[PDB]
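The file coords_16.pdb comes next; it holds PDB, C-alpha atoms and all ligand atoms.
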```pdb
ATOM      1  CA  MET A   4      81.630 103.329 151.011
ATOM      2  CA  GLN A   5      79.119 101.773 153.377
ATOM      3  CA  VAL A   6      77.113  98.770 152.149
ATOM      4  CA  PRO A   7      74.113  98.609 152.442
ATOM      5  CA  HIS A   8      74.173 102.051 150.882
ATOM      6  CA  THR A   9      71.018 104.155 151.269
ATOM      7  CA  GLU A  10      70.586 107.617 149.777
ATOM      8  CA  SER A  11      67.813 110.124 149.247
ATOM      9  CA  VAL A  12      67.356 110.854 145.517
ATOM     10  CA  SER A  13      65.235 112.770 143.044
ATOM     11  CA  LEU A  14      65.015 111.386 139.505
ATOM     12  CA  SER A  15      63.530 112.497 136.213
ATOM     13  CA  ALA A  16      63.922 111.614 132.559
ATOM     14  CA  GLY A  17      67.570 112.297 131.775
ATOM     15  CA  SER A  18      68.910 111.319 135.190
ATOM     16  CA  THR A  19      71.721 108.786 135.458
ATOM     17  CA  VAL A  20      72.562 106.709 138.540
ATOM     18  CA  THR A  21      76.218 105.617 138.489
ATOM     19  CA  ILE A  22      77.403 102.736 140.681
ATOM     20  CA  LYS A  23      80.958 101.418 140.788
ATOM     21  CA  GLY A  24      81.750  98.344 142.796
ATOM     22  CA  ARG A  25      83.268  94.897 142.928
ATOM     23  CA  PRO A  26      81.844  91.503 143.919
ATOM     24  CA  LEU A  27      83.065  90.302 147.318
ATOM     25  CA  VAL A  28      83.523  86.634 146.330
ATOM     26  CA  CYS A  29      84.076  84.598 143.189
ATOM     27  CA  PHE A  30      81.253  84.206 140.689
ATOM     28  CA  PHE A  31      81.222  80.432 141.164
ATOM     29  CA  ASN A  32      79.581  80.997 144.568
ATOM     30  CA  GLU A  33      76.909  83.360 143.127
ATOM     31  CA  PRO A  34      77.386  86.647 144.958
ATOM     32  CA  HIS A  35      74.464  88.992 144.394
ATOM     33  CA  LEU A  36      74.066  92.714 143.726
ATOM     34  CA  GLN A  37      70.811  94.477 144.472
ATOM     35  CA  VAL A  38      69.788  98.009 143.540
ATOM     36  CA  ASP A  39      66.323  99.148 144.682
ATOM     37  CA  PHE A  40      64.617 102.417 143.668
ATOM     38  CA  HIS A  41      62.242 103.093 146.597
ATOM     39  CA  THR A  42      59.260 105.419 146.939
ATOM     40  CA  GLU A  43      60.211 106.465 150.504
ATOM     41  CA  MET A  44      63.277 106.516 152.729
ATOM     42  CA  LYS A  45      61.875 103.589 154.726
ATOM     43  CA  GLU A  46      63.572 100.315 153.761
ATOM     44  CA  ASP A  47      60.286  98.415 153.509
ATOM     45  CA  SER A  48      58.703 101.063 151.277
ATOM     46  CA  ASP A  49      57.509 100.254 147.764
ATOM     47  CA  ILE A  50      60.049  99.661 145.004
ATOM     48  CA  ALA A  51      59.649 101.245 141.563
ATOM     49  CA  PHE A  52      62.643  99.302 140.202
ATOM     50  CA  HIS A  53      64.242  96.230 141.810
ATOM     51  CA  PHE A  54      67.416  95.137 140.006
ATOM     52  CA  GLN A  55      69.026  91.972 141.379
ATOM     53  CA  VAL A  56      72.079  90.385 139.760
ATOM     54  CA  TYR A  57      72.813  86.736 140.566
ATOM     55  CA  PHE A  58      76.422  87.029 139.411
ATOM     56  CA  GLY A  59      77.351  84.321 136.920
ATOM     57  CA  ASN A  60      73.733  83.160 136.635
ATOM     58  CA  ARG A  61      70.858  85.528 135.883
ATOM     59  CA  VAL A  62      69.310  88.932 136.557
ATOM     60  CA  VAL A  63      65.862  89.554 138.060
ATOM     61  CA  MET A  64      63.878  92.793 137.815
ATOM     62  CA  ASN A  65      60.532  93.653 139.389
ATOM     63  CA  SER A  66      58.539  96.264 141.265
ATOM     64  CA  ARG A  67      56.976  96.025 144.718
ATOM     65  CA  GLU A  68      53.698  97.953 144.770
ATOM     66  CA  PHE A  69      51.594  98.369 147.917
ATOM     67  CA  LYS A  70      53.832  95.735 149.527
ATOM     68  CA  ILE A  71      53.319  93.128 146.750
ATOM     69  CA  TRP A  72      55.920  91.917 144.262
ATOM     70  CA  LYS A  73      54.565  92.253 140.723
ATOM     71  CA  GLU A  74      55.546  90.574 137.428
ATOM     72  CA  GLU A  75      59.148  89.367 137.468
ATOM     73  CA  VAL A  76      61.298  90.191 134.431
ATOM     74  CA  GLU A  77      64.216  87.793 133.876
ATOM     75  CA  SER A  78      67.412  88.156 131.886
ATOM     76  CA  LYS A  79      70.301  85.789 131.190
ATOM     77  CA  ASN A  80      72.581  88.609 130.013
ATOM     78  CA  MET A  81      75.722  88.414 132.160
ATOM     79  CA  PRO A  82      78.305  90.945 130.944
ATOM     80  CA  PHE A  83      79.903  91.117 134.395
ATOM     81  CA  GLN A  84      83.364  89.579 134.707
ATOM     82  CA  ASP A  85      84.545  87.437 137.625
ATOM     83  CA  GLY A  86      86.505  89.430 140.206
ATOM     84  CA  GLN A  87      86.413  92.685 138.236
ATOM     85  CA  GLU A  88      85.260  96.151 139.185
ATOM     86  CA  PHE A  89      82.128  97.110 137.259
ATOM     87  CA  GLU A  90      80.506 100.431 136.391
ATOM     88  CA  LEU A  91      76.716 100.369 136.377
ATOM     89  CA  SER A  92      74.946 103.306 134.717
ATOM     90  CA  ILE A  93      71.190 103.284 135.269
ATOM     91  CA  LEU A  94      69.668 105.720 132.777
ATOM     92  CA  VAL A  95      66.246 107.152 133.592
ATOM     93  CA  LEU A  96      64.448 107.410 130.255
ATOM     94  CA  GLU A  97      60.945 108.670 129.578
ATOM     95  CA  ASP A  98      59.611 105.124 129.174
ATOM     96  CA  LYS A  99      61.956 102.923 131.183
ATOM     97  CA  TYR A 100      65.073 102.433 133.223
ATOM     98  CA  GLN A 101      68.010 101.263 131.141
ATOM     99  CA  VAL A 102      70.921  99.529 132.880
ATOM    100  CA  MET A 103      74.331  99.838 131.248
ATOM    101  CA  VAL A 104      77.309  97.754 132.307
ATOM    102  CA  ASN A 105      80.612  99.397 131.421
ATOM    103  CA  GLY A 106      78.914 101.736 128.943
ATOM    104  CA  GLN A 107      76.564  99.398 127.017
ATOM    105  CA  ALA A 108      72.902  98.717 127.777
ATOM    106  CA  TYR A 109      72.052  95.145 128.767
ATOM    107  CA  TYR A 110      68.816  95.453 130.771
ATOM    108  CA  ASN A 111      65.621  97.492 130.472
ATOM    109  CA  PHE A 112      62.564  97.892 132.704
ATOM    110  CA  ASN A 113      59.545  99.954 131.699
ATOM    111  CA  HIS A 114      58.188 102.336 134.322
ATOM    112  CA  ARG A 115      55.402 100.910 136.466
ATOM    113  CA  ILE A 116      55.546 103.640 139.135
ATOM    114  CA  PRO A 117      56.120 107.228 137.906
ATOM    115  CA  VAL A 118      59.778 108.101 138.310
ATOM    116  CA  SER A 119      58.822 111.281 140.198
ATOM    117  CA  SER A 120      57.657 108.984 143.021
ATOM    118  CA  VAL A 121      61.171 107.651 143.649
ATOM    119  CA  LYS A 122      62.727 109.138 146.796
ATOM    120  CA  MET A 123      65.492 106.733 147.798
ATOM    121  CA  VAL A 124      67.960 104.243 146.322
ATOM    122  CA  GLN A 125      69.504 101.341 148.217
ATOM    123  CA  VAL A 126      72.509  99.375 146.921
ATOM    124  CA  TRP A 127      73.326  96.203 148.828
ATOM    125  CA  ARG A 128      74.264  92.472 148.931
ATOM    126  CA  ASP A 129      77.653  90.984 148.053
ATOM    127  CA  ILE A 130      79.684  93.902 146.703
ATOM    128  CA  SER A 131      82.096  96.563 147.787
ATOM    129  CA  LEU A 132      81.163 100.043 146.618
ATOM    130  CA  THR A 133      83.463 102.863 145.564
ATOM    131  CA  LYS A 134      81.088 105.257 143.770
ATOM    132  CA  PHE A 135      77.396 106.100 143.980
ATOM    133  CA  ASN A 136      76.225 109.182 142.129
ATOM    134  CA  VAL A 137      72.952 110.571 140.853
ATOM    135  CA  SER A 138      73.519 113.052 138.040
ATOM    136  CA  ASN A 139      72.609 116.672 138.631
TER
ATOM    137  CA  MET B   4      84.266  90.934 162.380
ATOM    138  CA  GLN B   5      84.983  90.871 158.665
ATOM    139  CA  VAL B   6      82.252  89.596 156.327
ATOM    140  CA  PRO B   7      82.797  87.539 154.185
ATOM    141  CA  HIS B   8      84.411  85.609 157.005
ATOM    142  CA  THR B   9      86.757  82.774 156.010
ATOM    143  CA  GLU B  10      88.508  80.504 158.494
ATOM    144  CA  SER B  11      90.518  77.308 158.450
ATOM    145  CA  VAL B  12      88.788  74.602 160.534
ATOM    146  CA  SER B  13      89.017  70.979 161.583
ATOM    147  CA  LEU B  14      85.767  69.229 162.510
ATOM    148  CA  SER B  15      84.767  65.874 163.932
ATOM    149  CA  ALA B  16      81.725  64.364 165.591
ATOM    150  CA  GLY B  17      81.162  66.467 168.698
ATOM    151  CA  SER B  18      82.364  69.741 167.196
ATOM    152  CA  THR B  19      80.163  72.823 167.386
ATOM    153  CA  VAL B  20      80.400  75.876 165.117
ATOM    154  CA  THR B  21      78.954  78.963 166.831
ATOM    155  CA  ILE B  22      77.966  82.020 164.786
ATOM    156  CA  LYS B  23      76.463  85.193 166.225
ATOM    157  CA  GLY B  24      75.275  87.908 163.918
ATOM    158  CA  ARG B  25      72.501  90.221 162.841
ATOM    159  CA  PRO B  26      70.782  90.778 159.484
ATOM    160  CA  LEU B  27      71.825  94.022 157.789
ATOM    161  CA  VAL B  28      68.345  94.962 156.503
ATOM    162  CA  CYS B  29      64.728  94.231 157.338
ATOM    163  CA  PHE B  30      63.302  90.787 156.640
ATOM    164  CA  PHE B  31      60.747  92.225 154.218
ATOM    165  CA  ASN B  32      63.589  92.745 151.718
ATOM    166  CA  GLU B  33      64.899  89.152 152.134
ATOM    167  CA  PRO B  34      68.472  89.522 153.351
ATOM    168  CA  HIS B  35      70.362  86.245 153.139
ATOM    169  CA  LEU B  36      72.825  84.388 155.361
ATOM    170  CA  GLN B  37      75.156  81.790 153.919
ATOM    171  CA  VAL B  38      77.409  79.368 155.777
ATOM    172  CA  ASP B  39      79.550  77.034 153.639
ATOM    173  CA  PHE B  40      81.661  74.131 154.957
ATOM    174  CA  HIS B  41      84.405  73.789 152.307
ATOM    175  CA  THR B  42      86.864  70.989 151.570
ATOM    176  CA  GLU B  43      89.757  73.415 150.898
ATOM    177  CA  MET B  44      90.711  76.994 151.699
ATOM    178  CA  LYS B  45      89.978  77.993 148.096
ATOM    179  CA  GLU B  46      86.614  79.762 147.806
ATOM    180  CA  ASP B  47      85.541  77.725 144.777
ATOM    181  CA  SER B  48      86.392  74.416 146.457
ATOM    182  CA  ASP B  49      83.750  71.762 147.083
ATOM    183  CA  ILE B  50      81.148  72.299 149.797
ATOM    184  CA  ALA B  51      80.239  69.532 152.253
ATOM    185  CA  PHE B  52      77.426  71.639 153.749
ATOM    186  CA  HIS B  53      75.856  74.737 152.164
ATOM    187  CA  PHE B  54      73.378  76.459 154.492
ATOM    188  CA  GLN B  55      71.587  79.461 152.983
ATOM    189  CA  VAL B  56      68.872  81.352 154.856
ATOM    190  CA  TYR B  57      66.497  83.520 152.815
ATOM    191  CA  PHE B  58      65.410  85.505 155.868
ATOM    192  CA  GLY B  59      61.634  85.641 156.216
ATOM    193  CA  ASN B  60      61.154  83.102 153.416
ATOM    194  CA  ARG B  61      62.935  79.745 153.346
ATOM    195  CA  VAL B  62      66.190  77.883 153.956
ATOM    196  CA  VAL B  63      68.164  75.931 151.344
ATOM    197  CA  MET B  64      70.784  73.265 152.067
ATOM    198  CA  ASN B  65      72.967  71.355 149.617
ATOM    199  CA  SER B  66      76.452  70.091 148.865
ATOM    200  CA  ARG B  67      78.704  70.952 145.930
ATOM    201  CA  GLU B  68      80.723  67.889 144.931
ATOM    202  CA  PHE B  69      83.366  67.958 142.188
ATOM    203  CA  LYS B  70      82.027  71.404 141.256
ATOM    204  CA  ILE B  71      78.378  70.253 140.900
ATOM    205  CA  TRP B  72      75.470  71.186 143.157
ATOM    206  CA  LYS B  73      73.705  68.033 144.348
ATOM    207  CA  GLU B  74      70.193  67.427 145.737
ATOM    208  CA  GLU B  75      68.725  70.561 147.304
ATOM    209  CA  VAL B  76      67.086  70.199 150.726
ATOM    210  CA  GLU B  77      64.449  72.850 151.492
ATOM    211  CA  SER B  78      62.954  74.023 154.763
ATOM    212  CA  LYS B  79      60.256  76.563 155.603
ATOM    213  CA  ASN B  80      61.285  76.731 159.270
ATOM    214  CA  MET B  81      61.990  80.399 160.018
ATOM    215  CA  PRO B  82      62.726  80.865 163.732
ATOM    216  CA  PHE B  83      64.782  83.992 163.032
ATOM    217  CA  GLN B  84      63.258  87.280 164.178
ATOM    218  CA  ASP B  85      63.289  90.515 162.171
ATOM    219  CA  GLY B  86      66.117  92.846 163.194
ATOM    220  CA  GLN B  87      67.354  90.626 166.027
ATOM    221  CA  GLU B  88      70.767  89.200 166.779
ATOM    222  CA  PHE B  89      70.779  85.424 166.357
ATOM    223  CA  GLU B  90      73.009  82.652 167.681
ATOM    224  CA  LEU B  91      73.561  79.790 165.258
ATOM    225  CA  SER B  92      75.022  76.574 166.686
ATOM    226  CA  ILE B  93      75.956  74.048 164.010
ATOM    227  CA  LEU B  94      76.472  70.704 165.745
ATOM    228  CA  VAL B  95      78.622  68.123 163.972
ATOM    229  CA  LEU B  96      76.997  64.774 164.733
ATOM    230  CA  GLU B  97      78.086  61.334 163.593
ATOM    231  CA  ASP B  98      75.356  61.210 160.938
ATOM    232  CA  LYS B  99      74.581  64.829 160.111
ATOM    233  CA  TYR B 100      74.999  68.511 160.731
ATOM    234  CA  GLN B 101      72.325  69.918 163.011
ATOM    235  CA  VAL B 102      71.642  73.664 162.950
ATOM    236  CA  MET B 103      70.299  75.222 166.137
ATOM    237  CA  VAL B 104      68.911  78.741 166.274
ATOM    238  CA  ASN B 105      69.066  80.222 169.764
ATOM    239  CA  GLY B 106      69.546  76.783 171.325
ATOM    240  CA  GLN B 107      66.933  74.639 169.516
ATOM    241  CA  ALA B 108      67.484  72.511 166.414
ATOM    242  CA  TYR B 109      65.538  73.558 163.319
ATOM    243  CA  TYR B 110      67.557  72.151 160.399
ATOM    244  CA  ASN B 111      69.426  68.914 159.701
ATOM    245  CA  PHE B 112      71.631  67.745 156.826
ATOM    246  CA  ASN B 113      73.042  64.231 156.622
ATOM    247  CA  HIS B 114      76.724  63.949 155.748
ATOM    248  CA  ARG B 115      77.445  63.509 152.049
ATOM    249  CA  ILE B 116      81.179  64.281 152.299
ATOM    250  CA  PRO B 117      83.030  62.883 155.354
ATOM    251  CA  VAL B 118      83.361  65.612 157.952
ATOM    252  CA  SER B 119      87.118  64.961 158.173
ATOM    253  CA  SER B 120      87.348  66.414 154.645
ATOM    254  CA  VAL B 121      86.170  69.858 155.776
ATOM    255  CA  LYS B 122      89.037  72.364 155.958
ATOM    256  CA  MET B 123      87.404  75.791 155.808
ATOM    257  CA  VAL B 124      84.187  77.605 156.721
ATOM    258  CA  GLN B 125      82.937  80.772 155.047
ATOM    259  CA  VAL B 126      80.145  82.930 156.503
ATOM    260  CA  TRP B 127      78.815  85.639 154.210
ATOM    261  CA  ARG B 128      75.900  87.585 152.619
ATOM    262  CA  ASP B 129      73.674  90.123 154.373
ATOM    263  CA  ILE B 130      74.707  89.972 158.029
ATOM    264  CA  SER B 131      77.023  91.580 160.503
ATOM    265  CA  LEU B 132      79.072  89.109 162.513
ATOM    266  CA  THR B 133      80.176  89.362 166.128
ATOM    267  CA  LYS B 134      81.238  85.782 166.935
ATOM    268  CA  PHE B 135      82.602  82.837 164.972
ATOM    269  CA  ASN B 136      83.957  79.921 166.961
ATOM    270  CA  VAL B 137      84.728  76.273 166.354
ATOM    271  CA  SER B 138      84.740  74.315 169.603
ATOM    272  CA  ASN B 139      88.005  72.821 170.784
TER
HETATM  273  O1  LIG C 201      60.791  89.230 141.684
HETATM  274  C1  LIG C 201      61.692  89.815 142.590
HETATM  275  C2  LIG C 201      61.531  89.182 143.968
HETATM  276  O2  LIG C 201      61.744  87.802 143.745
HETATM  277  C3  LIG C 201      61.455  87.046 144.873
HETATM  278  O3  LIG C 201      61.799  85.696 144.640
HETATM  279  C4  LIG C 201      61.132  85.111 143.553
HETATM  280  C5  LIG C 201      62.148  84.442 142.630
HETATM  281  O4  LIG C 201      62.911  85.411 141.962
HETATM  282  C6  LIG C 201      61.430  83.586 141.588
HETATM  283  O5  LIG C 201      62.355  82.862 140.826
HETATM  284  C7  LIG C 201      60.475  82.630 142.298
HETATM  285  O6  LIG C 201      59.816  81.872 141.328
HETATM  286  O7  LIG C 201      59.545  83.375 143.035
HETATM  287  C8  LIG C 201      60.179  84.048 144.091
HETATM  288  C9  LIG C 201      59.107  84.685 144.975
HETATM  289  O8  LIG C 201      58.514  83.701 145.784
HETATM  290  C10 LIG C 201      62.275  87.494 146.081
HETATM  291  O9  LIG C 201      61.754  86.834 147.215
HETATM  292  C11 LIG C 201      62.195  88.999 146.318
HETATM  293  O10 LIG C 201      63.094  89.438 147.299
HETATM  294  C12 LIG C 201      62.523  89.702 145.004
HETATM  295  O11 LIG C 201      63.813  89.458 144.535
HETATM  296  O1  LIG C 202      71.022  74.255 146.054
HETATM  297  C1  LIG C 202      71.894  75.272 146.482
HETATM  298  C2  LIG C 202      72.311  76.136 145.296
HETATM  299  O2  LIG C 202      71.089  76.605 144.760
HETATM  300  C3  LIG C 202      71.275  77.268 143.555
HETATM  301  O3  LIG C 202      70.050  77.821 143.124
HETATM  302  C4  LIG C 202      69.026  76.880 142.939
HETATM  303  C5  LIG C 202      67.772  77.335 143.683
HETATM  304  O4  LIG C 202      67.963  77.227 145.068
HETATM  305  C6  LIG C 202      66.580  76.466 143.287
HETATM  306  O5  LIG C 202      65.401  76.961 143.858
HETATM  307  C7  LIG C 202      66.457  76.448 141.766
HETATM  308  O6  LIG C 202      65.374  75.633 141.425
HETATM  309  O7  LIG C 202      67.637  75.928 141.216
HETATM  310  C8  LIG C 202      68.712  76.800 141.448
HETATM  311  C9  LIG C 202      69.926  76.291 140.670
HETATM  312  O8  LIG C 202      69.786  76.613 139.310
HETATM  313  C10 LIG C 202      72.247  78.438 143.696
HETATM  314  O9  LIG C 202      72.546  78.898 142.395
HETATM  315  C11 LIG C 202      73.551  78.038 144.380
HETATM  316  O10 LIG C 202      74.359  79.141 144.684
HETATM  317  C12 LIG C 202      73.201  77.315 145.677
HETATM  318  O11 LIG C 202      72.512  78.102 146.599
END
```

Transcribe the structure of this file into structure tokens.
Amino acid sequence: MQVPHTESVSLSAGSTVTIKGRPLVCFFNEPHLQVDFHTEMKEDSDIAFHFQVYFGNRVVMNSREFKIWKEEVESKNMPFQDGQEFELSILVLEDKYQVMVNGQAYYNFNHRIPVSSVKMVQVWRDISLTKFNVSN
Amino acid sequence: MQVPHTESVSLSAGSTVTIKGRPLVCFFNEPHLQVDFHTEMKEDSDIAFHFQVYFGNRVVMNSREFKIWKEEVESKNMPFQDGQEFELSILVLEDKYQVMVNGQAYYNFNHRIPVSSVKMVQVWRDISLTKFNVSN
């Protein structure tokens, strides 16, 4: 699957975004993973949910609203395992996005932009990708 | 050309490492470029020269010695142009590495590990690559 990966989407409460991939290099060198929920197909459009994993280090979450990054949310949760394939499940809940890694929730981000405004998802940085699916 | 790109090298004063590539996404989203001069072929080996461009933002340079990152050197020079192919020339001088962008030097990093200890170069993160050459 092509990386960067860019897809049109429609999301509502009850949607799940499933992403299966593998880091391209060892964790010691801090590969990244980035998943961005965009308001338009344009790459520089606003971002309702920015999810950036610094593998082996930390996770950063934010929104970009009218071209401006807002309040950063940090996590030190690092359930990802060096060299391993991972399954990310991003659950769209009424109040927040919830990010599961291999079936358990480790990260949460309350909605700042209504989820009905999301029109595109981009998955990119230092991973190979074998699955990207938005639930029906 | 495959990215991550990993090659065995031998360097001395007078060597030039030429890298031609293009960012994979727009600068507004901060793609990165990383070039690491390693002491062994192993990916987690020590790094004589770590050169990381946060496109549209800043550049970070450092060494990793006996598995420990040392003193970070920061630059705000950003000669790279959004969406454009770039030509990086890393000159190995007696005292330092000098990084040229499109034929002019913008970054410098004094040797902390002898250059004769460098055995591998890895080029990776959010670029496509069309040329990687170590001068003869
Ligand atoms: O917040 C997401 C946003 O972060 C920007 O970088 C932050 C960095 O995470 C933080 O540690 C530092 O203090 O401020 C930086 C902003 O100047 C990234 O530039 C951007 O791409 C997003 O990842
Ligand atoms: O110095 C290169 C090294 O940087 C690490 O990240 C730094 C970051 O650049 C700096 O702004 C912050 O204050 O400290 C961080 C270290 O905790 C990266 O983790 C590493 O991969 C290299 O890029």

- prompt: So how far away is CA of residue 134 in chain A from CA of residue 36 in chain A, in Å?
  reply: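 Taking CA of residue 36 in chain A as the start and CA of residue 134 in chain A as the end point, the length is 14.4 Å.
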
task: Return as a list in words the residues of protein, DNA or RNA that approach ligand LIG 201 (chain C) to within 6 Å, with only C-alpha atoms and all ligand atoms taken into account.
output: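 These are the residues that qualify: residues 65 and 75 of chain A; 32 and 33 of chain B.
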
Could you save those same residues with C-alpha atoms as an mmCIF file, in the frame of the given file?
```
data_model
loop_
_atom_site.group_PDB
_atom_site.id
_atom_site.type_symbol
_atom_site.label_atom_id
_atom_site.label_comp_id
_atom_site.auth_asym_id
_atom_site.auth_seq_id
_atom_site.Cartn_x
_atom_site.Cartn_y
_atom_site.Cartn_z
ATOM 1 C CA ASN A 65 60.532 93.653 139.389
ATOM 2 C CA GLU A 75 59.148 89.367 137.468
ATOM 3 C CA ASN B 32 63.589 92.745 151.718
ATOM 4 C CA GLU B 33 64.899 89.152 152.134
#
```

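The closest residue to ligand LIG 202 (chain C), picked from B:99, B:64, B:39, B:136 and counting only C-alpha atoms and all ligand atoms, is B:64.
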
Per residue of chain B within 9 Å of ligand LIG 202 (chain C), note the shortest atom pair and the distance in Å to one decimal, counting all atoms listed in the file, and order the rows by chain and increasing residue number, as a tab-separated table.
```
residue	atom	partner	partner_atom	distance
B:37	CA	C:LIG202	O11	8.6
B:53	CA	C:LIG202	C1	6.9
B:54	CA	C:LIG202	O11	8.1
B:55	CA	C:LIG202	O11	6.6
B:63	CA	C:LIG202	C1	6.2
B:64	CA	C:LIG202	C1	6.0
B:65	CA	C:LIG202	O1	5.0
B:66	CA	C:LIG202	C1	7.3
B:67	CA	C:LIG202	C1	8.1
B:72	CA	C:LIG202	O1	6.1
B:73	CA	C:LIG202	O1	7.0
B:74	CA	C:LIG202	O1	6.9
B:75	CA	C:LIG202	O1	4.5
B:76	CA	C:LIG202	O1	7.3
B:77	CA	C:LIG202	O4	8.5
```

- prompt: Could you write out as number ranges by chain the residues of chain B within 12 Å of chain A, counting only C-alpha atoms?
  reply: B: 5-9, 26-39, 41, 45-50, 53, 55, 67, 70-72, 125-131

Any chance you could export the current selection's C-alpha atoms as a compact mmCIF listing (two decimals), in the frame of the given file?
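Contents of result20.txt, freshly written:
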```
# COMPACT_ATOMS: atom_id res chain seq x y z
CA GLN B 5 84.98 90.87 158.66
CA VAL B 6 82.25 89.60 156.33
CA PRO B 7 82.80 87.54 154.18
CA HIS B 8 84.41 85.61 157.00
CA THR B 9 86.76 82.77 156.01
CA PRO B 26 70.78 90.78 159.48
CA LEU B 27 71.82 94.02 157.79
CA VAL B 28 68.34 94.96 156.50
CA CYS B 29 64.73 94.23 157.34
CA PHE B 30 63.30 90.79 156.64
CA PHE B 31 60.75 92.22 154.22
CA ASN B 32 63.59 92.74 151.72
CA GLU B 33 64.90 89.15 152.13
CA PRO B 34 68.47 89.52 153.35
CA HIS B 35 70.36 86.24 153.14
CA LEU B 36 72.82 84.39 155.36
CA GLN B 37 75.16 81.79 153.92
CA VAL B 38 77.41 79.37 155.78
CA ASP B 39 79.55 77.03 153.64
CA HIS B 41 84.40 73.79 152.31
CA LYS B 45 89.98 77.99 148.10
CA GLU B 46 86.61 79.76 147.81
CA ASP B 47 85.54 77.72 144.78
CA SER B 48 86.39 74.42 146.46
CA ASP B 49 83.75 71.76 147.08
CA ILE B 50 81.15 72.30 149.80
CA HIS B 53 75.86 74.74 152.16
CA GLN B 55 71.59 79.46 152.98
CA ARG B 67 78.70 70.95 145.93
CA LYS B 70 82.03 71.40 141.26
CA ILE B 71 78.38 70.25 140.90
CA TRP B 72 75.47 71.19 143.16
CA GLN B 125 82.94 80.77 155.05
CA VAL B 126 80.14 82.93 156.50
CA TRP B 127 78.82 85.64 154.21
CA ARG B 128 75.90 87.58 152.62
CA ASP B 129 73.67 90.12 154.37
CA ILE B 130 74.71 89.97 158.03
CA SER B 131 77.02 91.58 160.50
```

- request: Quick one: everything within 10 Å of residue 19 in chain A, counting all atoms listed in the file, minus sequence neighbours fewer than 6 positions away in the same chain. Send it as number ranges by chain.
  value: A: 91-96, 100-102, 136-139

task: Decode the PyMOL selection byres (((chain A and resi 116) around 10) and not hetatm) for the given file into explicit residues and return them as an MDAnalysis selection string.
output: chainID A and resid 42 49:52 66:68 113:115 117:121

Point-to-point distance in Å for CA of residue 124 in chain A and CA of residue 13 in chain A: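 Calculated distance between CA of residue 13 in chain A and CA of residue 124 in chain A is 9.5 Å.
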
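With distances taken over all atoms listed in the file, A:98 is the one residue among A:104, A:110, A:87, A:98 lying closest to residue 15 in chain A.
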
field: Distance query residue 135 in chain B at most 7 Å, only C-alpha atoms, self and fewer than 6 positions along chain excluded, as JSON, numbers by chain
entry: {"B": [21, 22, 23]}

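Applied to the file shown here, the PyMOL selection byres (((chain A and resi 60) around 8) and not hetatm) selects residues 33, 57, 58, 59, 61, 62, 79 and 81 of chain A.
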
May I have the centre and edge lengths, in Å to one decimal, of an axis-aligned box around the listed atoms of range 36-43 of chain B with 5 Å added to every side, as JSON?
```
{"center_x": 81.3, "center_y": 77.7, "center_z": 153.3, "size_x": 26.9, "size_y": 23.4, "size_z": 14.9}
```

- prompt: Which distance in Å separates CA of residue 112 in chain B and CA of residue 17 in chain B, to one decimal?
  reply: 15.3 Å

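In this comparison, which uses only C-alpha atoms, the residue of B:86, B:111, B:133, B:103 approaching residue 20 in chain B most closely is B:103.
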
- request: Could you tell me which of B:14, B:40, B:109, B:123 comes closest to residue 83 in chain B if we count all atoms listed in the file?
  value: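 Nearest candidate to residue 83 in chain B out of B:14, B:40, B:109, B:123: B:109.
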